[PDB]
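Peer 1: Here is the input, now give the coordinates:
(10 chains)
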Amino acid sequence: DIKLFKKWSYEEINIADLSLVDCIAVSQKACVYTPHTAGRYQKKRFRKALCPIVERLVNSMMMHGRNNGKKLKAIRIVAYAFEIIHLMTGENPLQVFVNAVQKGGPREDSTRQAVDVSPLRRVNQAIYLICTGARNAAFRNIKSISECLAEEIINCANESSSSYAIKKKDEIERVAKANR
Amino acid sequence: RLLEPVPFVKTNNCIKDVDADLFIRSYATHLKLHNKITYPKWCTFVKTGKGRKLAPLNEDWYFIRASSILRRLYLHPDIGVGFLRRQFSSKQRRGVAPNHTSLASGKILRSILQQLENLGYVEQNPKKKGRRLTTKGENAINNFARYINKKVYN
Amino acid sequence: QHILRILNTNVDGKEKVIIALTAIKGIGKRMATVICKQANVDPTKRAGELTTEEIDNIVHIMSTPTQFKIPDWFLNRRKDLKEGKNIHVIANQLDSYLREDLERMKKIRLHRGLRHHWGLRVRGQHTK
Amino acid sequence: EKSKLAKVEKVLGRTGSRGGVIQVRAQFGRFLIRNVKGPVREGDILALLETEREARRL
Amino acid sequence: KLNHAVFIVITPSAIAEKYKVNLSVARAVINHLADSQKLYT
Amino acid sequence: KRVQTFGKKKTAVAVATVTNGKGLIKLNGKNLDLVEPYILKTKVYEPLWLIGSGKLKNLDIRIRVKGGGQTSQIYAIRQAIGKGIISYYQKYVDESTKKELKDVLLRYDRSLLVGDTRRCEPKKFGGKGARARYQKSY
Amino acid sequence: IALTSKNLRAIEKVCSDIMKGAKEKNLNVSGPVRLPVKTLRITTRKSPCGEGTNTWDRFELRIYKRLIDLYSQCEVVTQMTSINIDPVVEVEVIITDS
Amino acid sequence: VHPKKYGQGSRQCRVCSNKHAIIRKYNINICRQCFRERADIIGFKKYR
RNA sequence: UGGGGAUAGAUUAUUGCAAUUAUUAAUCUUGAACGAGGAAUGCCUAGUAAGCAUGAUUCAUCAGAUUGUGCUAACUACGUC
RNA sequence: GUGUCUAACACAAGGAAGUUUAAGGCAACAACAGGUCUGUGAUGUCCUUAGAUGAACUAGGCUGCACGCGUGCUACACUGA
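Peer 2: Numbering: from 1, shown residues only, chains lettered A, B, ... in the order given. I have put the structure below:
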């Protein structure tokens, strides 16, 4: 049926938080043969859910200064990153990426008090955390951004404390718990 | 990367079937092998445009550029030198001030244009603007297109 | 052996030959590129495996442009003022000559000379 | 550590002084009330790391 | 730092780490092995 | 014979000419192969999979492109191919087959059936953007 | 025959008049060809002393050009033109036909 | 006298003779402060 | 660091009676601070925001300005006092 | 569905579009001793009006520079040159 880059099967499911499975691009109409379709994804409150998660991941990658407007490059970075993950372990990179996004999402957050977190927001934060961590790793270092993203994803998927996303999630939850 | 399977039919005989860079380099190499083209002398020293400041850093660049011009000729029929200067344009970093567009060097273009004409591959007519292609050159481009097309295919 | 040094005791050697040469003078890099071509050495090669003869040739080309196909518009120190032409002074001699020019301007009195004496920018720093 | 998937029963109201929080009632069996950040509606599922204290009704 | 000299999974950064060398030196090792960005798969 | 459609995203317009033929696809003077960006290559390969080879094999498609940059032009081309495929099956083949085909296209996405609704908002004095303004100060 | 005006209604009135006028001598006409609109645009700062928020307004003098042409002898078209005229529109006659 | 054929003194607002803010676009030669009075009688209308 | 282009020297051009407070232009060389910005504080919700350009305005001579125009196409609530 | 089940609102479907479709223009009442007499043969009063504060012409000056604060541009690299 539909395979990413004509390669990745991406029909396999992940158990996750159930709500998170609803949010990620499990659905057939959210799947595409190569990234990017760009519908109107601000319009209604839950409209963002309908976006392909790979489209969201590339958009997050496209963020920040010099990166802005380089959508194809963000697609190339994720494609390269998927190749790297496949080499590092023979698992499907998209499935690994869903595991990393599932792992990265914070359960509680802190306010002026402490609160639970939207599953759509948890995905949005997780992708944000993983990409920001990748940028931090990239900037003025040997590792390419594709490598950093792959490395961050595998560590986050594993549930390593060396992940920037896991470390930030742990700290965010720990401070929330500390207050309440 | 080099070749992918696709379902649709293609023309299979023109530059409109060809990888531009591969074609440009191959024809430039063929032309240099033939030895019809000359650099010549002074053109080793020159700069290619003030938007660059530098030069291509390849030593076979003039032949490449000549070949690249010949491809533009196949696309655009009756074009002239000001069109060429504009074609090869880029941005120029103005120091601290913002960029503005900057032409390629006009003598190298003019020299190629003249050289191709001397070697009979193009013809300036009294009609219209500048130089268009000669049939022998077109048939050769088609033959090289055919060689590449076979080479990828099998 | 492998990271041998360069002109006027500079320790460059894992730099590419162009990059080493530019790290003397010529770091608009057109100068280095033409010198590299006049020498006919590979610009991709690393500096510390040149023999002394290649270096001497390069120093000769840089020092004396006269017997090479280098045009006047390209040249360092293009006309040099007085009726007796001189060209391509370069390096510490250029720096010394430029100091002499600023001294000469000052003695004569020119606005630029006078500004150099004051310690003011020629193009001007503009209010601030 | 401990956590429970709890199913959103009723969305009660927008809370916090600047309105960014939402009060939400969650179903086990048992109803719990908790406060949620970001977009959420009835039939969603809360993470529920802390499985004890009910948030005060507004 | 010290990761640069002339004499002694496919991807240049790993090679540059492994032998402690530049990415140019890694690429040259890749080219010797074979006998923008590129496809190592 | 001939049937005609078009596609329109931002400035860009791609007109599709679908004639009775044999499986050729052109973009102006140029073969479909010469789109160039790999992502946008897939974007125009997408409808080819949705209608398969044997329904393509008795029609030739020629497309004529004016305006916009590459990403907009390719989406206009993709829309023109979608509408083009449907128009041929509505004029020559059958309404039922056309409905069956349209269902497939709809299942993939809406964007090759219905064009974009986004269009530029004019610049207004007091800032570089449409809405974005120069900095206030005290 | 080319018609240029800054007023839509006057040019359209002339259109109906020329259509009738042509049919009076039963002439063979090519349908009225509306040429691309030119707008004389001035984007003007508000305030004579340049006060307050900068504030610009965009003024337009929009001229309409149209062409209707006829295969007929030179005398007939000039005489038709002289009966058909009104003061406001700018008329040009380019017909050398027979 | 000693005349100057170009630059600031070569031109003026046709209406008021002032040398400032002159619209030379389309060869109007009126300063905008004068022009905005007359732009309607000249035939312009604003819409945007 | 081959990032950066401040700063300076040597040219031949261009507009003009006049360029000499580097007018403007290019050529070669010259290679400063600056390792992503403290206290503070600006603008922004869908083709927007951001990046990237360019036309017009002044103009004999000149865009780092203003005003338009496009292409590349984000994030995040989607509301609260 | 909700709403006195009134004016009306909410969601989904249909639809190119569903908030007044998105963007402009026009902008009351009543003020401000806001700005503009260096835009105007709009203009009161006051100064001055031929060793003229008019007209005109030659230079120099408006970019000066121990220094302070606004607004913008360009950078600090490898998703880059």
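Peer 1: Tell me where the longest helix sits in the chain.
Peer 2: Picking chain A for this. For chain A, the longest helix by residue count, based on DSSP state H, is helix A:119-138.
Peer 1: I was thinking of chain G, sorry if that wasn't clear
Peer 2: The longest helix of chain G (DSSP H) is helix G:8-24.
Peer 1: Can you give me the buried ones in that helix?
Peer 2: Of all the residues in helix G:8-24, those buried under the rule 16 or more other C-beta atoms under 10 Å in any protein chain shown are G:10-11, G:14, G:18, G:21-22. Every C-beta, even on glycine, is put in place using the N, C-alpha and C of the backbone.
Peer 1: close to chain H, is the helix or strand following that helix?
Peer 2: Reading on from helix G:8-24 to the C-terminus, the next helix or strand found by DSSP states H and E is strand G:28-45. Yes. Using C-beta under 8 Å from any C-beta of the partner chain, strand G:28-45 reaches chain H at G:40, G:42, G:44-45.
Peer 1: that older thread, between all of the buried residues of helix G:8-24, which two are at the greatest distance?
Peer 2: Taking C-beta to C-beta, the two most distant members of these are G:10 and G:22; they sit 18.6 Å apart.
Peer 1: Apart from its neighbours in sequence, what residue is nearest the residue most central in space within chain B?
Peer 2: Nearest to the geometric centre of chain B sits residue B:68, at 1.4 Å (C-alpha atoms, centre = their mean). Excluding its sequence neighbours, the residue lying closest to residue B:68 (C-beta to C-beta, 6 or more residues apart in numbering or on different chains) is residue B:24, at 5.1 Å.
Peer 1: for that neighbour, helix, strand, or coil?
Peer 2: helix (DSSP: H, G, I helix; E, B strand; the rest coil).
Peer 1: What count of nearby residues applies to it?
Peer 2: Applying other C-beta atoms under 10 Å in any protein chain shown, we find 21 residues neighbouring residue B:24.
Peer 1: coming back round to it: turn the buried residues of helix G:8-24 into a markdown table, columns for distance to residue B:15.
Peer 2: Shown next, in a markdown table, are these (distance: C-beta to C-beta, whole Å):
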| residue | distance to residue B:15 |
| --- | --- |
| G:10 | 54 |
| G:11 | 49 |
| G:14 | 52 |
| G:18 | 51 |
| G:21 | 55 |
| G:22 | 52 |
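Peer 1: Would you pull up how far stretch A:43-62 lies from the middle of the chain?
Peer 2: 11 Å (C-alpha atoms, centre = their mean, to the nearest Å).
Peer 1: wait, does it make contact with chain F?
Peer 2: No. Shown here: stretch A:43-62 not in contact with chain F (C-beta under 8 Å from any C-beta), separated by at least 9.8 Å.
Peer 1: Break down the chain into its helices, ranges please.
Peer 2: You didn't pick a chain, so chain A it is. Here chain A has its helices, by DSSP H, at A:19-23, A:53-62, A:71-88, A:93-104, A:119-138, A:145-158, A:164-179.
Peer 1: Chain E was what I was after
Peer 2: E:12-18, E:23-34.
Peer 1: Quick check: which of the ones you listed is nearest to residue A:104?
Peer 2: helix E:12-18 (24.1 Å).
Peer 1: which residues touch stretch F:111-125?
Peer 2: Contact with stretch F:111-125 is made by A:37, A:39-40, F:7-10, F:46-47, F:75, F:78-79, F:81-83, F:102, F:105-106, F:129-131, G:54-56, H:48, as judged by C-beta atoms under 8 Å, 6 or more residues apart in numbering or on different chains.
Peer 1: next one: phi and psi at the nearest residue to residue H:48 once chain neighbours are set aside?
Peer 2: The spatial neighbour of residue H:48 that comes closest, neighbours along the chain excluded (C-beta to C-beta, 6+ apart), is residue G:58 at 4.5 Å. Torsion angles at residue G:58 (phi, psi; degrees, to the nearest 10) stand at phi -110, psi 110.
Peer 1: Equivalent analysis for residue F:57, please.
Peer 2: Dihedral angles for residue F:57 - degrees, to the nearest 10 - are phi -80, psi 0.
Peer 1: on that earlier part again, quick one: distance of the helix or strand encompassing the residue nearest to the centre of chain B to the chain centre.
Peer 2: Element membership for residue B:68, per DSSP H and E: helix B:61-75. Its chain's C-alpha centre and that of helix B:61-75 lie 1 Å apart, by C-alpha atoms, centre = their mean.
Peer 1: can you list the residues that contact the helix or strand that contains residue B:144?
Peer 2: Taking DSSP H and E as the definition, residue B:144 sits inside helix B:135-153. Residues outside helix B:135-153 that contact it (C-beta under 8 Å, 6+ apart): B:2-3, B:12-15, B:17-19, B:22-23, B:26-27, B:30, B:70, B:74, B:116, B:120-122.
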